[PDB]
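Consider the single chain below, provided in structure tokens and representing the form deposited without the partner chain.
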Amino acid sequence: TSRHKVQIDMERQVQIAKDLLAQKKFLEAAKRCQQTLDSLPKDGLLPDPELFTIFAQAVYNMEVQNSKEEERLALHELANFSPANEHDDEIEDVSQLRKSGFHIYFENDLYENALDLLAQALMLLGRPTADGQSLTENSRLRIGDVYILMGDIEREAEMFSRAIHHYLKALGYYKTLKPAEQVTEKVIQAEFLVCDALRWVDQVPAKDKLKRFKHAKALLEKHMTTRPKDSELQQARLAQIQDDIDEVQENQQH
């Protein structure tokens, strides 16, 4: 069939785009994704979410080199440490997927563009499967990864409240994952990124900042007692969290 031929071509393009991104050839990886996306048939074949995620990374990094309200942080979100529940209102229906005109993502605001491309990655990864079962381990992992990327971009774009909210969403997704060394690394990473963004958000009271910082400090301290592979990175993170506590205790609280 055509469907198989198209499928195989798309998988090769993802690998090429992936390799181009690994080589730091960002315009080239993005163009590769864009042109592949524009030429896919519009009916009966869901594109590979990697086309969107690679495209988003590519365009984000291009901007770096060239330099509803539920998406904002709610204070109560910082006091939540639960895993992500069965439903996620931010995952759009696949009916809202862009089918053509992907050249639009080279225009205007590239940060905005990258985020919209990731919204579609989420849409694709989060699509409920026909078998009626719930999202797989791989999907939930990848969704977490997407939320971290969304957060990183929003942080870079100085949207710190949106950033923190997405880092917290990523953290919730990683917590649904079967425990493992790599899962623990991502959890710890997400906790730190929350704190790093949190230092720049003006509208969270000092008291709430301090409680989250101390939570993250305790977690990282506990992790360090296991003598993990990259102890110097974790030591660096821990040192930064202490700076965050100092900053708030001395300037912001009184």
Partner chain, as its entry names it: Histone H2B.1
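Numbering follows the first chain given and starts at 1.
The same protein also has a form solved in complex with the partner chain, omitted here; what follows describes it.
Only one of 193 to 201, 214 to 222, 25 to 33, 39 to 47 places residue heavy atoms within 4.5 angstroms of the partner chain in the bound PDB entry, namely 193 to 201.
A single residue from the set 145, 156, 92, 88 has any heavy atom within 4.5 angstroms of the partner chain in the bound PDB entry; that residue is 156. Against the partner chain in the bound PDB entry, the set 9, 15 and 102 makes no contact: no member has a heavy atom within 4.5 Å.
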